[PDB]
file data-v4.cif (mmCIF, C-alpha atoms and all ligand atoms)
data_start
#
loop_
_atom_site.label_atom_id
_atom_site.label_comp_id
_atom_site.auth_asym_id
_atom_site.auth_seq_id
_atom_site.Cartn_x
_atom_site.Cartn_y
_atom_site.Cartn_z
CA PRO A 1 -34.17 11.04 1.97
CA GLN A 2 -36.72 8.48 1.08
CA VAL A 3 -37.47 7.72 -2.49
CA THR A 4 -40.44 5.84 -3.75
CA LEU A 5 -40.08 3.94 -7.00
CA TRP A 6 -43.02 5.28 -8.97
CA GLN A 7 -40.41 7.16 -10.85
CA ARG A 8 -36.86 6.25 -11.66
CA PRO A 9 -34.66 7.05 -8.66
CA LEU A 10 -32.45 9.61 -10.31
CA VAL A 11 -29.91 11.76 -8.49
CA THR A 12 -27.43 14.45 -9.42
CA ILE A 13 -23.81 13.54 -9.19
CA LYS A 14 -20.75 15.64 -9.56
CA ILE A 15 -17.81 13.82 -10.98
CA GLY A 16 -14.56 15.06 -12.44
CA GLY A 17 -15.80 18.64 -12.36
CA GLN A 18 -18.91 17.67 -14.36
CA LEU A 19 -22.55 17.51 -13.28
CA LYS A 20 -24.58 14.40 -14.32
CA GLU A 21 -27.75 12.52 -13.40
CA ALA A 22 -27.62 8.90 -12.47
CA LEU A 23 -29.91 6.06 -11.41
CA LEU A 24 -29.62 4.62 -7.96
CA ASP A 25 -29.44 0.97 -8.91
CA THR A 26 -29.58 -1.78 -6.31
CA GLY A 27 -29.22 -4.55 -8.83
CA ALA A 28 -25.83 -3.35 -10.08
CA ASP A 29 -22.70 -4.45 -8.38
CA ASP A 30 -20.57 -1.76 -9.90
CA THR A 31 -21.00 1.88 -10.96
CA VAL A 32 -20.96 2.53 -14.62
CA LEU A 33 -21.03 5.81 -16.36
CA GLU A 34 -21.41 6.92 -19.89
CA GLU A 35 -18.21 7.83 -21.66
CA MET A 36 -16.77 11.03 -20.32
CA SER A 37 -13.53 12.84 -19.55
CA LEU A 38 -11.71 11.55 -16.50
CA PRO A 39 -8.10 12.27 -15.64
CA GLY A 40 -5.83 9.38 -15.28
CA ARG A 41 -4.91 5.85 -15.97
CA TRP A 42 -7.39 3.17 -16.30
CA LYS A 43 -7.46 -0.44 -17.11
CA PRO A 44 -9.81 -2.25 -19.50
CA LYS A 45 -12.47 -4.39 -18.03
CA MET A 46 -15.44 -6.30 -19.30
CA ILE A 47 -18.74 -6.34 -17.55
CA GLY A 48 -22.03 -8.08 -18.10
CA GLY A 49 -25.59 -6.92 -18.18
CA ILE A 50 -28.81 -7.81 -19.82
CA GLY A 51 -28.04 -7.92 -23.43
CA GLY A 52 -24.53 -9.16 -22.95
CA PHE A 53 -21.13 -7.83 -22.19
CA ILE A 54 -19.38 -4.54 -22.66
CA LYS A 55 -15.84 -3.34 -22.34
CA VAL A 56 -15.22 -0.43 -20.01
CA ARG A 57 -12.34 1.60 -18.59
CA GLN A 58 -11.90 1.10 -14.95
CA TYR A 59 -10.83 4.07 -12.81
CA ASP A 60 -10.05 3.58 -9.20
CA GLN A 61 -10.11 6.08 -6.40
CA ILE A 62 -12.50 8.49 -8.04
CA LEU A 63 -14.31 11.05 -5.87
CA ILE A 64 -18.02 11.32 -6.68
CA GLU A 65 -20.47 13.56 -4.95
CA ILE A 66 -23.96 11.98 -5.03
CA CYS A 67 -26.56 14.27 -3.72
CA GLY A 68 -24.36 16.18 -1.27
CA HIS A 69 -22.49 13.10 -0.26
CA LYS A 70 -18.94 12.48 -1.22
CA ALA A 71 -17.60 9.03 -1.80
CA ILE A 72 -14.46 7.59 -3.45
CA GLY A 73 -14.39 4.40 -5.41
CA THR A 74 -13.97 2.57 -8.60
CA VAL A 75 -15.93 3.87 -11.56
CA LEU A 76 -16.30 2.14 -14.89
CA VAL A 77 -16.71 4.28 -17.93
CA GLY A 78 -18.20 2.71 -20.94
CA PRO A 79 -20.97 2.43 -23.44
CA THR A 80 -23.94 2.24 -21.10
CA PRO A 81 -27.27 3.78 -22.09
CA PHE A 82 -27.56 5.40 -18.69
CA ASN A 83 -25.35 6.31 -15.76
CA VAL A 84 -25.91 3.81 -13.01
CA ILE A 85 -24.73 4.02 -9.37
CA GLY A 86 -24.20 0.51 -8.10
CA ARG A 87 -23.77 -1.11 -4.78
CA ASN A 88 -20.16 -0.22 -4.48
CA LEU A 89 -21.05 3.36 -3.95
CA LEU A 90 -24.55 2.99 -2.50
CA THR A 91 -23.03 1.34 0.46
CA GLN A 92 -20.88 4.41 1.08
CA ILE A 93 -23.69 6.87 1.13
CA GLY A 94 -25.69 4.64 3.46
CA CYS A 95 -28.44 3.69 1.13
CA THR A 96 -30.96 1.03 2.25
CA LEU A 97 -33.98 -0.74 0.82
CA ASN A 98 -37.09 -0.97 2.86
CA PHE A 99 -40.31 -2.81 2.37
CA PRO B 1 -37.50 -5.39 6.27
CA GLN B 2 -34.66 -2.99 5.73
CA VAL B 3 -31.94 -4.34 3.53
CA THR B 4 -28.46 -2.93 3.40
CA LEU B 5 -26.45 -3.19 0.22
CA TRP B 6 -23.26 -4.92 1.24
CA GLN B 7 -24.64 -8.04 -0.36
CA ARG B 8 -26.97 -8.44 -3.33
CA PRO B 9 -30.55 -7.82 -2.25
CA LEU B 10 -31.95 -11.24 -3.04
CA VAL B 11 -35.43 -12.37 -2.14
CA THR B 12 -37.49 -15.58 -2.58
CA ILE B 13 -40.40 -15.44 -4.97
CA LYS B 14 -43.09 -17.94 -5.72
CA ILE B 15 -44.46 -17.75 -9.21
CA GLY B 16 -46.24 -20.22 -11.35
CA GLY B 17 -46.05 -22.82 -8.62
CA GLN B 18 -42.28 -22.56 -8.53
CA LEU B 19 -39.88 -21.12 -6.00
CA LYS B 20 -37.11 -18.84 -7.22
CA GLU B 21 -34.66 -16.27 -5.97
CA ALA B 22 -34.61 -12.79 -7.46
CA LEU B 23 -32.81 -9.53 -7.09
CA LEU B 24 -34.62 -6.43 -5.94
CA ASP B 25 -33.59 -4.01 -8.63
CA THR B 26 -34.39 -0.32 -8.35
CA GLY B 27 -32.77 0.47 -11.71
CA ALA B 28 -35.00 -1.83 -13.77
CA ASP B 29 -38.28 -0.54 -15.00
CA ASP B 30 -39.70 -3.99 -15.68
CA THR B 31 -39.43 -7.40 -14.10
CA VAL B 32 -37.43 -9.98 -16.08
CA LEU B 33 -37.15 -13.64 -15.19
CA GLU B 34 -35.11 -16.44 -16.64
CA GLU B 35 -36.91 -18.95 -18.86
CA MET B 36 -39.63 -20.80 -17.12
CA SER B 37 -43.00 -22.48 -17.52
CA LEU B 38 -45.79 -20.04 -17.25
CA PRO B 39 -49.18 -20.95 -18.60
CA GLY B 40 -51.04 -18.60 -20.80
CA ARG B 41 -50.77 -16.28 -23.66
CA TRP B 42 -47.80 -14.09 -24.20
CA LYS B 43 -46.46 -11.47 -26.54
CA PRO B 44 -42.99 -10.92 -27.98
CA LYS B 45 -41.20 -7.88 -26.59
CA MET B 46 -37.68 -6.57 -26.78
CA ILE B 47 -36.05 -4.79 -23.97
CA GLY B 48 -32.70 -3.19 -23.62
CA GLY B 49 -30.03 -3.33 -21.00
CA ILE B 50 -26.36 -2.94 -20.57
CA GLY B 51 -25.06 -5.05 -23.30
CA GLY B 52 -27.73 -4.78 -25.85
CA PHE B 53 -31.31 -5.75 -26.26
CA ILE B 54 -33.00 -9.05 -25.77
CA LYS B 55 -36.22 -10.57 -26.95
CA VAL B 56 -38.56 -11.73 -24.26
CA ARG B 57 -42.08 -13.05 -23.86
CA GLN B 58 -44.42 -10.78 -22.00
CA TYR B 59 -47.09 -12.21 -19.70
CA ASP B 60 -49.63 -9.97 -18.11
CA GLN B 61 -51.54 -10.28 -14.91
CA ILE B 62 -49.36 -12.87 -13.33
CA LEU B 63 -49.33 -13.43 -9.56
CA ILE B 64 -46.00 -13.32 -7.78
CA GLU B 65 -45.44 -13.68 -4.15
CA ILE B 66 -42.24 -11.93 -3.08
CA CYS B 67 -41.58 -12.49 0.51
CA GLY B 68 -45.07 -13.04 1.91
CA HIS B 69 -46.41 -10.28 -0.31
CA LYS B 70 -48.66 -10.89 -3.28
CA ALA B 71 -48.52 -8.75 -6.38
CA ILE B 72 -50.01 -9.18 -9.87
CA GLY B 73 -48.21 -7.70 -12.78
CA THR B 74 -46.56 -8.07 -16.07
CA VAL B 75 -43.56 -10.34 -16.10
CA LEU B 76 -41.11 -10.73 -18.90
CA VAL B 77 -39.54 -14.11 -19.32
CA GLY B 78 -36.36 -14.51 -21.24
CA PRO B 79 -32.64 -14.89 -21.30
CA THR B 80 -31.57 -12.62 -18.50
CA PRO B 81 -28.66 -13.96 -16.46
CA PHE B 82 -30.56 -13.40 -13.24
CA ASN B 83 -34.11 -12.88 -12.16
CA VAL B 84 -34.79 -9.21 -11.62
CA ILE B 85 -37.70 -7.58 -9.82
CA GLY B 86 -38.13 -4.15 -11.38
CA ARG B 87 -40.01 -1.14 -10.29
CA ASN B 88 -43.36 -2.23 -11.69
CA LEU B 89 -43.61 -4.75 -8.84
CA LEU B 90 -41.49 -2.94 -6.34
CA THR B 91 -44.12 -0.29 -6.12
CA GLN B 92 -46.71 -2.86 -5.25
CA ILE B 93 -44.93 -4.34 -2.34
CA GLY B 94 -44.21 -0.93 -0.96
CA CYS B 95 -40.55 -0.84 -1.55
CA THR B 96 -38.61 2.37 -0.84
CA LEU B 97 -35.04 3.57 -1.09
CA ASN B 98 -33.60 5.48 1.78
CA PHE B 99 -30.40 7.36 2.29
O1 LIG C 1 -21.67 -4.50 -12.14
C1 LIG C 1 -22.33 -4.90 -13.08
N1 LIG C 1 -22.05 -6.05 -13.73
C2 LIG C 1 -20.81 -6.82 -13.53
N2 LIG C 1 -19.88 -6.53 -12.58
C3 LIG C 1 -18.74 -7.23 -12.88
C4 LIG C 1 -17.45 -7.31 -12.32
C5 LIG C 1 -16.47 -8.13 -12.95
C6 LIG C 1 -16.77 -8.87 -14.12
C7 LIG C 1 -18.06 -8.82 -14.71
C8 LIG C 1 -19.07 -8.01 -14.12
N3 LIG C 1 -20.37 -7.70 -14.43
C9 LIG C 1 -23.48 -4.12 -13.63
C10 LIG C 1 -23.56 -2.73 -13.39
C11 LIG C 1 -24.67 -1.99 -13.85
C12 LIG C 1 -25.69 -2.66 -14.56
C13 LIG C 1 -25.60 -4.05 -14.82
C14 LIG C 1 -26.63 -4.78 -15.64
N4 LIG C 1 -28.03 -4.39 -15.40
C15 LIG C 1 -28.80 -4.13 -16.48
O2 LIG C 1 -28.39 -4.47 -17.58
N5 LIG C 1 -30.01 -3.51 -16.38
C16 LIG C 1 -30.94 -3.59 -17.52
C17 LIG C 1 -32.37 -3.95 -17.19
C18 LIG C 1 -32.68 -4.98 -16.28
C19 LIG C 1 -34.02 -5.36 -16.04
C20 LIG C 1 -35.05 -4.69 -16.73
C21 LIG C 1 -34.75 -3.66 -17.63
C22 LIG C 1 -35.86 -3.01 -18.38
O3 LIG C 1 -37.01 -2.96 -17.97
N6 LIG C 1 -35.49 -2.51 -19.57
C23 LIG C 1 -36.42 -2.08 -20.63
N7 LIG C 1 -35.98 -1.68 -21.84
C24 LIG C 1 -37.09 -1.45 -22.61
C25 LIG C 1 -37.29 -1.04 -23.95
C26 LIG C 1 -38.61 -0.91 -24.43
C27 LIG C 1 -39.72 -1.19 -23.61
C28 LIG C 1 -39.57 -1.61 -22.27
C29 LIG C 1 -38.27 -1.74 -21.75
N8 LIG C 1 -37.76 -2.12 -20.53
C30 LIG C 1 -33.41 -3.28 -17.86
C31 LIG C 1 -30.36 -2.54 -15.33
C32 LIG C 1 -29.47 -1.27 -15.49
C33 LIG C 1 -29.85 -0.39 -16.66
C34 LIG C 1 -31.00 0.42 -16.58
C35 LIG C 1 -31.40 1.22 -17.69
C36 LIG C 1 -30.64 1.19 -18.88
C37 LIG C 1 -29.48 0.38 -18.96
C38 LIG C 1 -29.08 -0.41 -17.86
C39 LIG C 1 -30.50 -3.07 -13.91
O4 LIG C 1 -31.14 -2.05 -13.18
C40 LIG C 1 -29.13 -3.35 -13.34
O5 LIG C 1 -29.21 -3.66 -11.98
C41 LIG C 1 -28.53 -4.56 -14.02
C42 LIG C 1 -29.40 -5.83 -13.93
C43 LIG C 1 -28.65 -7.12 -14.19
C44 LIG C 1 -27.75 -7.60 -13.20
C45 LIG C 1 -26.98 -8.75 -13.47
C46 LIG C 1 -27.12 -9.41 -14.72
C47 LIG C 1 -28.03 -8.93 -15.69
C48 LIG C 1 -28.80 -7.79 -15.43
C49 LIG C 1 -24.50 -4.78 -14.36
#

call {"tool": "encode", "arguments": {"input": "data-v4.cif", "output": "structure tokens"}}
result
Amino acid sequence: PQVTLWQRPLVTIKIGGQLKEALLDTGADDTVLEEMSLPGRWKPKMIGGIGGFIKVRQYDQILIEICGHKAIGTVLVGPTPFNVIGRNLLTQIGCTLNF
Amino acid sequence: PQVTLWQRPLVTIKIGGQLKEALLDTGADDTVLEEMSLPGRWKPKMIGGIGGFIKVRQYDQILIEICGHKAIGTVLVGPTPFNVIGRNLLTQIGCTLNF
């Protein structure tokens, strides 16, 4: 659908059997989610934002359903203030910007 | 134009007589630019991001031209790693997300 930006572009995701809301974030290269229960092995990673750097657990091959749309990719789980869907997944659900 | 998200959505802006490149960022509420010479009066502000919070100077009613589109708005200048156009200006140039 089309989303204007007068509000935050929030969507529902289902991940790991849990329902969450997340921002569709075109500035973010990677998807990063607040700390939560995911099955599996992960590897530590460090990522940067405004404010500085944080350490996150990287999970690969995770299935996310964003709106109805399923995608599989790497997810980083970490101390973010908000769940953000980044370009790695936005690409898979066919998201574009238009102006 | 429509922009797909396989690469960072960068655009040229002109602000304060100077030409810069900036990311179109649907997840950012506010616009935040690296340190630069703006004239005028400003206010301290702190904003948060992934990584922590930073202190910035807020300038109001500044003209930006982003592509050939003029907008006036608040801009925050400070130590971001990259210039970010946030939704406060994205709404003025008519930007939309579509999937
Ligand atoms: O993959 C990422 N990295 C990365 N991959 C890697 C791979 C390998 C190694 C290292 C790596 N590193 C990555 C993923 C997600 C987010 C970010 C960092 N990231 C933000 O940090 N941000 C804060 C941001 C940016 C601009 C403006 C604001 C804003 O207005 N805030 C605000 N607070 C306030 C308090 C009071 C009053 C007014 C206020 N206003 C906020 C928001 C996301 C966000 C939104 C809400 C809450 C938390 C985070 C932007 O949307 C994002 O695109 C982006 C912007 C940005 C992009 C690059 C550099 C710096 C910044 C990076």

call {"tool": "closest_residue", "arguments": {"input": "data-v4.cif", "among": "A:69, A:45, A:55, A:87", "to": "residue 4 of chain B", "atoms": "all atoms listed in the file"}}
result
A:87

call {"tool": "interface_residues", "arguments": {"input": "data-v4.cif", "of": "chain B", "to": "chain A", "cutoff": "6 Å", "atoms": "all atoms listed in the file", "output": "MDAnalysis selection string"}}
result
chainID B and resid 1:5 25:27 49:54 80 91 94:99

call {"tool": "residues_around", "arguments": {"input": "data-v4.cif", "residues": "residue 68 of chain B", "least_positions_apart": "3", "cutoff": "12 Å", "atoms": "all atoms listed in the file", "output": "JSON list (two decimals) with C-alpha atoms, in the coordinates of the input"}}
result
[["chain", "number", "residue", "atom", "x", "y", "z"],
["A", 99, "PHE", "CA", -40.31, -2.81, 2.37],
["B", 1, "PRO", "CA", -37.50, -5.39, 6.27],
["B", 11, "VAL", "CA", -35.43, -12.37, -2.14],
["B", 12, "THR", "CA", -37.49, -15.58, -2.58],
["B", 13, "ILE", "CA", -40.40, -15.44, -4.97],
["B", 14, "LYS", "CA", -43.09, -17.94, -5.72],
["B", 64, "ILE", "CA", -46.00, -13.32, -7.78],
["B", 65, "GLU", "CA", -45.44, -13.68, -4.15],
["B", 71, "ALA", "CA", -48.52, -8.75, -6.38],
["B", 93, "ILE", "CA", -44.93, -4.34, -2.34]]

call {"tool": "closest_residue", "arguments": {"input": "data-v4.cif", "among": "B:18, B:73, B:46, B:35", "to": "ligand LIG 1 (chain C)", "atoms": "only C-alpha atoms and all ligand atoms"}}
result
B:46

call {"tool": "atom_distance", "arguments": {"input": "data-v4.cif", "atom1": "atom CA of residue 59 of chain A", "atom2": "atom CA of residue 76 of chain A"}}
result
6.2 Å

call {"tool": "atom_distance", "arguments": {"input": "data-v4.cif", "atom1": "atom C25 of ligand LIG 1 (chain C)", "atom2": "atom CA of residue 77 of chain B"}}
result
14.0 Å

call {"tool": "atom_distance", "arguments": {"input": "data-v4.cif", "atom1": "atom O3 of ligand LIG 1 (chain C)", "atom2": "atom CA of residue 31 of chain B"}}
result
6.4 Å

call {"tool": "closest_residue", "arguments": {"input": "data-v4.cif", "among": "B:15, B:74, B:63, B:38", "to": "ligand LIG 1 (chain C)", "atoms": "only C-alpha atoms and all ligand atoms"}}
result
B:74

call {"tool": "residues_near_point", "arguments": {"input": "data-v4.cif", "point": "(-50.9, -16.9, -19.9)", "cutoff": "8 Å", "atoms": "only C-alpha atoms", "output": "ChimeraX atom specification"}}
result
/B:38-42,59-60,62

call {"tool": "closest_residue", "arguments": {"input": "data-v4.cif", "among": "B:36, B:17, B:83, B:70", "to": "ligand LIG 1 (chain C)", "atoms": "all atoms listed in the file"}}
result
B:83

call {"tool": "axis_aligned_box", "arguments": {"input": "data-v4.cif", "around": "segment 65-72 of chain B", "padding_each_side": "4 Å", "output": "lines of an AutoDock Vina configuration file"}}
result
center_x = -45.8
center_y = -11.2
center_z = -4.0
size_x = 16.4
size_y = 12.9
size_z = 19.8

call {"tool": "decode", "arguments": {"input": "data-v4.cif", "residues": "segment 60-75 of chain A", "atoms": "N, CA, C and O atoms", "output": "short mmCIF file (atom, residue, chain, number, x, y, z; two decimals), in the first residue's frame"}}
result
data_model
loop_
_atom_site.label_atom_id
_atom_site.label_comp_id
_atom_site.auth_asym_id
_atom_site.auth_seq_id
_atom_site.Cartn_x
_atom_site.Cartn_y
_atom_site.Cartn_z
N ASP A 60 20.91 -15.31 11.27
CA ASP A 60 20.73 -15.36 9.83
C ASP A 60 19.58 -16.28 9.53
O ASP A 60 19.16 -17.07 10.35
N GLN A 61 19.11 -16.17 8.30
CA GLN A 61 17.99 -16.97 7.85
C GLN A 61 16.70 -16.92 8.63
O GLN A 61 15.97 -17.89 8.66
N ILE A 62 16.41 -15.77 9.24
CA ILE A 62 15.14 -15.73 9.98
C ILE A 62 13.95 -15.34 9.10
O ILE A 62 14.02 -14.40 8.32
N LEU A 63 12.85 -16.08 9.24
CA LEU A 63 11.61 -15.76 8.54
C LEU A 63 10.84 -14.68 9.28
O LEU A 63 10.54 -14.87 10.45
N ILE A 64 10.53 -13.59 8.59
CA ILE A 64 9.72 -12.52 9.20
C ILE A 64 8.53 -12.38 8.32
O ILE A 64 8.68 -12.47 7.11
N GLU A 65 7.36 -12.17 8.88
CA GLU A 65 6.24 -11.76 8.05
C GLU A 65 5.88 -10.32 8.36
O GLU A 65 5.63 -10.00 9.51
N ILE A 66 5.94 -9.46 7.33
CA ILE A 66 5.84 -7.99 7.50
C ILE A 66 4.66 -7.54 6.73
O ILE A 66 4.61 -7.79 5.54
N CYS A 67 3.68 -6.93 7.38
CA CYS A 67 2.34 -7.04 6.76
C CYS A 67 2.06 -8.52 6.39
O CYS A 67 2.39 -9.40 7.16
N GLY A 68 1.49 -8.84 5.23
CA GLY A 68 1.29 -10.29 5.06
C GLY A 68 2.52 -11.03 4.54
O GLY A 68 2.49 -12.21 4.25
N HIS A 69 3.59 -10.26 4.32
CA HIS A 69 4.59 -10.66 3.32
C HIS A 69 5.70 -11.37 4.02
O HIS A 69 6.21 -10.86 5.00
N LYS A 70 6.06 -12.54 3.52
CA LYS A 70 7.08 -13.26 4.24
C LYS A 70 8.40 -12.94 3.61
O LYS A 70 8.47 -12.71 2.41
N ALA A 71 9.43 -12.92 4.42
CA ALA A 71 10.77 -12.72 3.90
C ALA A 71 11.67 -13.50 4.82
O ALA A 71 11.24 -13.85 5.90
N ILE A 72 12.91 -13.78 4.38
CA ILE A 72 13.91 -14.46 5.23
C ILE A 72 15.20 -13.66 5.15
O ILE A 72 15.65 -13.30 4.08
N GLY A 73 15.79 -13.40 6.30
CA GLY A 73 17.04 -12.67 6.22
C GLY A 73 17.74 -12.63 7.53
O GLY A 73 17.36 -13.27 8.50
N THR A 74 18.79 -11.83 7.52
CA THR A 74 19.49 -11.60 8.77
C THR A 74 18.76 -10.59 9.64
O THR A 74 18.32 -9.56 9.15
N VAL A 75 18.66 -10.89 10.92
CA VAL A 75 18.08 -9.96 11.87
C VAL A 75 19.10 -9.75 12.98
O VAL A 75 19.78 -10.67 13.39
#
